[PDB]
């Protein structure tokens, strides 16, 4: 038996600590996608989210991050040696806190993800939902103040540390 994992990000704003966000990962329904995000959060394969930034923050919509390989939001990689398939579309973008995969079309999952700050139903069936904020939604809300209509951020929002809890 295994309970759904819990991971955390410690968020910083221009290097200054902001707070902790934790996530439940729905390994019970999307095990491969949950496992990718979990391992990238611990860094246990030698690469992952620590030190990366949220390169798009769109108030009222989502915060996107996870590119730890390129400078322009085109990078990142999964733990599977290649971009991986959309595992399933069981779960929907139902409201604030939903954690879902960014992609460049069908079956192109890498490491980039987004945290919804509202219901984003138009993304259902194209982005794999795999988790949800557990604690620290107020920190995600604080992050939104640094975004803009087109996602450009006015301060550098980073994952100063990340890992697994419990």
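Residue numbers count along the first chain shown, from 1.
When the C-alpha B-factors of 88 to 96 and 67 to 75 are averaged, 67 to 75 comes out higher. On average the C-alpha atoms of 135 to 143 have higher B-factors than those of the other stretch, with 135 to 143 and 53 to 61 being the two compared. The deposited CA B-factor of residue 45 belongs to the highest third of values across its chain. Ranked within its chain, residue 26 lands in the middle third, by CA B factor from the PDB record.
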